[PDB]
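Novice: Supplied in structure tokens, the structure appears directly below.
Number of protein chains: 2
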Amino acid sequence: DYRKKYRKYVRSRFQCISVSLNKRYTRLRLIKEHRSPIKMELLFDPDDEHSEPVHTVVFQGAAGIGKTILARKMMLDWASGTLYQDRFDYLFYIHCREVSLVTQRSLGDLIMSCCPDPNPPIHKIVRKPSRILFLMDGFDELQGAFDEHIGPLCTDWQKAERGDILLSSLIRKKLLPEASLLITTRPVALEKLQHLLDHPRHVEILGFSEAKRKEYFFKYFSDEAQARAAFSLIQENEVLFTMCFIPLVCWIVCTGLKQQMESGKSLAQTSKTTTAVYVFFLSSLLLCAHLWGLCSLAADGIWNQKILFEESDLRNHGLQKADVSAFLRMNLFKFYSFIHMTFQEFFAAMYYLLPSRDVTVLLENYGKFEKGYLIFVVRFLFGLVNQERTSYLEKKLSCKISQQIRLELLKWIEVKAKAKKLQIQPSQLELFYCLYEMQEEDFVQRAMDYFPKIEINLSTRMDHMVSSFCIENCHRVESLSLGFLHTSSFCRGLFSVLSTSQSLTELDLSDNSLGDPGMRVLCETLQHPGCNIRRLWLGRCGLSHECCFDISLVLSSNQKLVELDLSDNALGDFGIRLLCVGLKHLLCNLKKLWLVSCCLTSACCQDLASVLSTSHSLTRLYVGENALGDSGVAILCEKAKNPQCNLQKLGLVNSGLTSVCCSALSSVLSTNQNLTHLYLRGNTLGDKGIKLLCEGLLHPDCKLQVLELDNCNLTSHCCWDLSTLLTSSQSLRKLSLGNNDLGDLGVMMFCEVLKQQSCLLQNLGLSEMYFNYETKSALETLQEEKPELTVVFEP
Amino acid sequence: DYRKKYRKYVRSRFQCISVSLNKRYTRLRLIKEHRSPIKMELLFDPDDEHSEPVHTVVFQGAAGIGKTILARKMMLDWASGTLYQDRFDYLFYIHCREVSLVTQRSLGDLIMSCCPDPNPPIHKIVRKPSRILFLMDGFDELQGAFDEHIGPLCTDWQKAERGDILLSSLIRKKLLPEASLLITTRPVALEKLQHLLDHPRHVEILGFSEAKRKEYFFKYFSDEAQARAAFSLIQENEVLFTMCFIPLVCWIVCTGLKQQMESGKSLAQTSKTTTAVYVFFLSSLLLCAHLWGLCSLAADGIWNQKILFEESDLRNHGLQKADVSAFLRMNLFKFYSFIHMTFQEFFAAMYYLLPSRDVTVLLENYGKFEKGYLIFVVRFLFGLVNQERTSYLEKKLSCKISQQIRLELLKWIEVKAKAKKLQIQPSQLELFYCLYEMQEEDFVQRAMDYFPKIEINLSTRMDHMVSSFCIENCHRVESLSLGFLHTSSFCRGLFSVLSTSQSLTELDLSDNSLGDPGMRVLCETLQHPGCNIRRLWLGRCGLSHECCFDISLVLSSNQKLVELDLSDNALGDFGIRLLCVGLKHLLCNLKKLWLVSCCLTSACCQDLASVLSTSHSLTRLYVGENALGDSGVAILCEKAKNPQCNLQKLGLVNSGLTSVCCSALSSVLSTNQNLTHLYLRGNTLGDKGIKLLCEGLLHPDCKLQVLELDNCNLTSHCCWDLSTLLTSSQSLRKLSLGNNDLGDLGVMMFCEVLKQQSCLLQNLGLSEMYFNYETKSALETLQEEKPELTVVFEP
Ligand SMILES: CC(C)(O)c1coc(S(=O)(=O)NC(=O)Nc2c3c(cc4c2CCC4)C=CC3)c1
Ligand SMILES: CC(C)(O)c1coc(S(=O)(=O)NC(=O)Nc2c3c(cc4c2CCC4)C=CC3)c1
Ligand SMILES: Nc1ncnc2c1ncn2[C@@H]1O[C@H](COP(=O)(O)OP(=O)(O)O)[C@@H](O)[C@H]1O
Ligand SMILES: Nc1ncnc2c1ncn2[C@@H]1O[C@H](COP(=O)(O)OP(=O)(O)O)[C@@H](O)[C@H]1O
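Chains as they are written, first to last, in the deposited numbering: chain B, 135 to 151, 161 to 179, 202 to 451, 462 to 508, 516 to 536, 554 to 685, 726 to 1034; chain A, 135 to 151, 161 to 179, 202 to 451, 462 to 508, 516 to 536, 554 to 685, 726 to 1034.
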């Protein structure tokens, strides 16, 4: 059968990368991304049979993380008899470097290119569209492929179409919808796919763990003692060991070490950044005319989208056949390419330091993946313009480089930081990569003074290290938002430089899986004498009652903390009991406290009240969305009635309240001169509860200014009472009353009351309340009648 | 309800054929045809629910086998309440004789023609397309219906289309796809219809068995004594009783006997062939002007495709209304037709002996069914041109006939036999039918001298008799291939005339269900002193160890047998033990023996070796595809090392071998001067095994010439060893090495070795081995460098 012939063909083709792929291969860390380990067998398997088409799978990875090697290993395993031997007919390796937009070819012609025979049985293949898979590797082919509106989609596979249109039709499941796809791509090209996909399954590639680094370093060196020595020399440099999570850096450093050892020379060289790694690799593998030819060749390829280089183009750039080095890898189809596109990048940067030679036009034109790649370009550029590496590079390669380009890059980063450009293109972490690449402290200080509001999302150890370096070097940061993915080991490094910073005032960690150990580390950090953090948000950090002990320690030790948030954490009654110990200290200067939806009950209300009568600083307390109950609110109000209480804003939204507690609240309104705001949204107070409250709001000593009563189940019966409030309350300024069936007569009474000049009110919230056209017209008459009084009643 | 009205209509219409159909009907033999008894209820039922339009059923039968009667009986049974009273709404009797291509009508028009009412509820019928059956009887209507490219297919049953296009749309399931079909057809019309079908279910009609012949002979004659007398008179004629498997011949002979008995005359007339039957029927039912008119009418109908004759056409051929005979059946729609199309055939032939009158133009124009029918034409013509029947026919009917037409038919068969025309039109058995029809020993002997390579398939006793007659009368047959369908009863007669032949040398019976009794009969045949068979192939004949006893008897008795093949038969160790008794006899001249996939083990290897050291004639032994093992191969080799052993070619393909036995093989290569070939494909010898073998092939006394090592699990490590062979082996000429991962360095070493003039090798098989373009180009440069050395490396 031709099936076994094709299997043997792909097994022979993908056996080596020569060196054996099976010997070379090391397992990578694969994790599912989209949330409401992973194996390939279950990867193509549907998690839910109800799910819309599973067979679309997108692999996400950095440059050199091993997407191509992963796809080739999948083909090798499938051919060798390991992956889906149950039933899955064919796998087609569409290497997007070969695919070009200008050429007009059909799917049959593409399979012809992927088949070993000049006349494979294509019709039999098409007869089984459900058993066909396409490994689309490297969606990073060129620019302008999809930035325009997609033209007509082709379903007739015999028809010849352009590369872009054919790929769009294949991806969008219009051409052979039953065919399966697996696309290895970049995050920006991931955004492009998300603009061209419908329910795909996303899988991330992380690379090598420490054990996998052991495995790779043992597999590379044929001699076990040599491998042990090389890895031992790697160990004492933490930067290299952290960077080695990417297999490409492992390969480069192993090649350098092997070549130096074959020459019998010292292996002790160390590279601070990626640029230093590449520079030492080139120096080991390295006349100036040949360097200029290579640089111009790379620049031409970058500008004109040409990755596979022909002999004519090679000749155009002043390079002879005798100039072929170990950098260019050959593929006879006669074509030359680079080992990885990052090398073409590095040589293009070297060109820009040694195609237009102005960096401004390079920076202006962005699009598709290449923008980040062009930023990746400047990344190596950022590395090369350094007071240390430039001198040694010029000495080694006998070259000359200027430094106005560094000032131009500084202007570019200034513009990028000051530019708002939210949620557009790679924004924050990549700039930190560039700054860490340069490693010039003075430039870093001059460059990060434009950042202050910093928001980053970290997923790898290298991300943690670069963020730590940048935040430590910064001196004008005020607000800092951290996101964590897939912790405490590198949190111990981040939080130290967060504490040492003398300009930070905010610290947002909401919506993370910080956990109890992470919160313990953060609290150990916050106890530092030099800490300056004044606001700390911890919403939905997955915390429990265990973190409250450490938070209480911080509150009893830290005199600068002013605001704190703990919303959506299951602290519980015991958590609040632990927290109130710190809250009652004399060194606790906390002013605002959020406890919305902390799974509290009426039991903890005895503790919080003790804080209100004792805390000399706590003014604004929000305890909404908790089953406090009428008894709990009564317990709070029993201590809140004291005129010495400093409480100003109180939040009881959706706190499961009835009218029974309202009288107690009224007492506070009669006695507390400090309570200016009070939110009661979502509580079924009722008309009797509103009357009991108005008994207190009408008191001469009441100083309330804002009151919310949304969704309080208020009918027309109470509409008179509030009217009596409006003419009499000399302090109330705002009042929200949405989500009620007050009725048209009630709003008529309100409008009749408000036309007087004796009302000091300035806002009424009647949104989500539906009224007939006469009432609406009355409200417009009122709203342009009284400009200072605002009513919201939009339909 | 109109359903019951139409049921009553068809029940009344199909009650008689007058005589009652139920009284007349006799059960026919029905069998499924396509392979990887049958009853109509399961025949419409799907064997597998996964099977694709099961509802399409095609019936295959000879002329007069009873396809029309079977369809009419099915319709009568369905109307009477016997076939699918569960649920199946309508069956429509589309008699293809009525359907014409010129007339343009719709499906509703056809149903109206098949309906008794001028305005049937057609829309209600279309509303239930899954409960509609179309019974297309006689797909052999006319010529040119489908020989051209099929035009556009019509799906709108309202639209009027031509007969050919409408039938194509209906059959191809484009017009009412949910409708079921049942087509009765001819084998050549089967070919054409299968060129218009997609997964149909084929059912073959065989006719009457001996019990069914008894039943029909009792049913026809109303008097039991008369029926017994007629059957007793018929039975003593063996040829007539064999031809009686066709119901039409039974009807003709019964009508003749009944008419002769009514006239009180003798019934002793005997007919050797079908032509004699028809001639005696004519004599019983039979002025010369009327005969010429009938003959011209039949010829005109044959040439212009007109089966239903009008009175205008009747007058056109000099036939008056007073000339209406007992043959022409009338159908008032006013139309005349023949009893069967075979009668129109016979009268067209009679015209050709008594429209163009040249037989050459008759023979040239063939197509559709009619070609065979036209051959059917000449079949009766072949009967009529005889030294015996012609004189009696001329005396009876007062006619004159010439004999140059016989010479023209002889030239036609000369051309047909000389013409290659493989797998095109009716080729071999039908010519035998014509020759048996003529019954002239001189003409048959002169005509069969150009047959020699005969390949025929037999399914009925009539086929056995005609083939036996033709083979017995032949004198220049060399090769003879027999196929059997659905045995020994007529094999006992066929094999006798096979043995008596003094020119036969080969006898191929591969892929039959010959079985042990059949092989016993064949062995009794082969022991005849006059047998001349020299090669006997018996692959996959379903043989077992029981036939080996008889084969050993033959080998000990038959001294002319030279080659014998027993591949794919479960002979087993005991079978080989029985065979080796005959193989070791002094009168056994067998030279070549095949035992591929005979379910052998290492146990039988002790016996085969005893043959090698004893058999003075066995030179080529093939025992591949058996689980012989290393021990078995060692047992063979320890006897094959003998210098006096005459073994030349040894086959061990896929014999489950390892390197352990290879050394033993090496010893044979060092000792046996006669071993010139050795096939080891599929055995995991390995590089160590290849080295052990090359220890032997490099011996000065080794005389091997061809060696195969495909799929031997050979890596690059052994590539040096074979190279040492190439420069040193002075006898090897061929070497095959496909299905290996030899590597590019290995083929480079081979090419470097081969460019020397000292290499006597002439062939290397590197197919299915995949190499890069440099290795490819080197391979061509070598192949045009050395024209005498051929390498196969096609991609
Ligand atoms: C900011 C974010 C999320 O890390 C990102 C955005 O875009 C990309 S990437 O797709 O450009 N790939 C890379 O940067 N790979 C890459 C990395 C390092 C070192 C090297 C490479 C390539 C060779 C040396 C160290 C971390 C990533 C990554
Ligand atoms: C070679 C092969 C397989 O027997 C064949 C090929 O084509 C056809 S047939 O379809 O032309 N039908 C017939 O010959 N019927 C037929 C036969 C006999 C006698 C008569 C008839 C018709 C009336 C008398 C004796 C055997 C067949 C048959
Ligand atoms: N599983 C692995 N084992 C060993 N090396 C790997 C592995 N995956 C990737 N590499 C290294 O990565 C380099 C190629 O990376 P590549 O697959 O091109 O990354 P990408 O697909 O993201 O461009 C190779 O030099 C190879 O040594
Ligand atoms: N089951 C049967 N019982 C009795 N006679 C039959 C039967 N089937 C066919 N015949 C005979 O065959 C003749 C018609 O054959 P027909 O059905 O037209 O063959 P085909 O359908 O192959 O043309 C009739 O004269 C009838 O006597």
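Even for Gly, the Cβ is constructed at its ideal location relative to N, Cα and C.
At the 9 angstroms Cβ level, is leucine 256(B) part of the contact set with chain A, yes or no?
Specialist: no
Novice: Does the distance between the C-beta of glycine 571(A) and the nearest non-hydrogen atom of ligand 2 fall short of 8 angstroms?
Specialist: yes
Novice: With DSSP as the reference, identify every bridge partner of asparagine 1002(B), one or two as the case may be.
Specialist: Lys973(B) and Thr1029(B)
Novice: Using a Cβ-Cβ cut-off of 9 angstroms, state whether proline 286(A) counts as contacting chain B.
Specialist: no
Novice: Less than 7 angstroms between C-beta atoms, sequence neighbours within five positions excluded: which residues of the same chain meet that for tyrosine 649(A)?
Specialist: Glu613, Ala616 and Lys617
Novice: Once DSSP output is grouped into helix, strand and coil, what is the label at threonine 744(B)?
Specialist: coil
Novice: Who does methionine 301(A) pair with in a DSSP beta bridge?
Specialist: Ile259(A) and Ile348(A)
Novice: Grab me the residues of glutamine 424(B)'s own chain with a C-beta within less than 6 angstroms of its C-beta, minus the 5 sequence neighbours each way, in chain order.
Specialist: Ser449
Novice: Return yes when at least one heavy atom of ligand 4 lies under 8 angstroms from the C-beta of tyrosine 258(A), else no.
Specialist: Look at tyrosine 258(A): its beta carbon is at least 8 angstroms from all of the heavy atoms in ligand 4.
Novice: With a threshold of 8 angstroms (Cβ to nearest heavy atom), would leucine 171(B) be considered close to ligand 3?
Specialist: Indeed, a heavy atom of ligand 3 lies less than 8 angstroms from the Cβ.
Novice: For a test of the three-state rule: what should DSSP assign to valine 418(B), helix, strand or coil?
Specialist: helix
Novice: Residues of chain B with a CB under 8 angstroms from the CB of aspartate 980(A): which are they?
Specialist: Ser146 and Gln149
Novice: Taking the continuous alpha helix (DSSP H) assigned at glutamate 389(B), which residues delimit it?
Specialist: It spans 389 to 400 - the alpha helix (DSSP H) in which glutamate 389(B) sits, taken as one unbroken run.
Novice: Report all residues from its chain with a CB closer than 6 angstroms to the CB of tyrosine 385(A); omit the five preceding and five following residues, and keep chain order.
Specialist: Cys419
Novice: Taking C-alpha atoms, which residue in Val584(A), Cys279(A), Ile477(A) and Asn1011(A) lies nearest to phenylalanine 642(A)?
Specialist: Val584(A)
Novice: Would you check whether ligand 3 has a heavy atom nearer than 8 angstroms to the C-beta of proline 412(B)?
Specialist: Within the cutoff, so yes.
Novice: Does ligand 1 have even one heavy atom less than 8 angstroms from the beta-carbon of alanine 497(B)?
Specialist: no
Novice: Look up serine 841(A) in the DSSP assignment and say whether it is helix, strand or coil.
Specialist: coil
Novice: Any beta carbon from chain B within less than 9 angstroms of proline 1034(A)'s own beta carbon?
Specialist: yes
Novice: Taking 8 angstroms as the cut-off, is the C-beta of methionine 523(A) nearer than that to any heavy atom in ligand 4?
Specialist: True, at least one ligand heavy atom lies under 8 angstroms from that Cβ.
Novice: Locate the alpha helix (DSSP H) running through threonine 739(B), then write down its first and last residues.
Specialist: 727 to 739
Novice: The beta strand (DSSP E) that contains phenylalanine 517(B), what's its start and end?
Specialist: 517 to 520
Novice: At a cut of 8 angstroms, does the stretch 649 to 668 of chain B reach the stretch 383 to 397 of chain B through at least three beta carbon pairs?
Specialist: no
Novice: Return helix, strand or coil for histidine 784(B), following the three-state DSSP convention.
Specialist: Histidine 784(B) sits in a helix when the DSSP states are folded into three classes.
Novice: Per DSSP, what kind of secondary structure is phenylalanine 224(B) in: helix, strand or coil?
Specialist: strand
Novice: Taking the alpha helix (DSSP H) that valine 820(B) falls in, what are its first and last residues?
Specialist: 811 to 822
Novice: Are the C-beta atoms of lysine 139(B) and some chain A residue less than 9 angstroms apart?
Specialist: yes
Novice: Within this structure, are the beta carbons of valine 368(B) and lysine 175(B) separated by less than 9 angstroms?
Specialist: yes
Novice: Looking at the structure shown, is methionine 240(A) part of a helix, part of a strand, or coil, going by DSSP?
Specialist: The answer is helix: DSSP assigns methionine 240(A) an H, G or I state.
Novice: Would you decide whether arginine 170(B) is buried or exposed? Buried here means 16 or more other CB atoms lie within 10 Å of its CB.
Specialist: exposed
Novice: Secondary structure at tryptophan 611(A), three-state DSSP: helix, strand or coil?
Specialist: The DSSP-derived three-state label of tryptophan 611(A) is helix.
Novice: Quick one: does the C-beta of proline 756(B) sit closer than 8 angstroms to a heavy atom of ligand 1?
Specialist: For ligand 1, not one heavy atom lies less than 8 angstroms from the Cβ of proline 756(B).
Novice: Taking CB distances under 9 angstroms as the criterion, tell me whether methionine 1008(A) reaches chain B.
Specialist: Chain B contact via Cβ: present.
Novice: Can you list, in chain order, the residues of the stretch 272 to 285 of chain B whose Cβ is nearer than 9 angstroms to any Cβ on chain A?
Specialist: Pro281, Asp282 and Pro283
Novice: Report yes if the CB atom of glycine 921(A) is closer than 9 angstroms to the CB atom of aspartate 949(A), and no otherwise.
Specialist: yes
Novice: Hey, could you find the ends of the alpha helix (DSSP H) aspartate 363(A) is sitting in?
Specialist: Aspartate 363(A) -> no alpha helix (DSSP H), and no H or E assigned at all.
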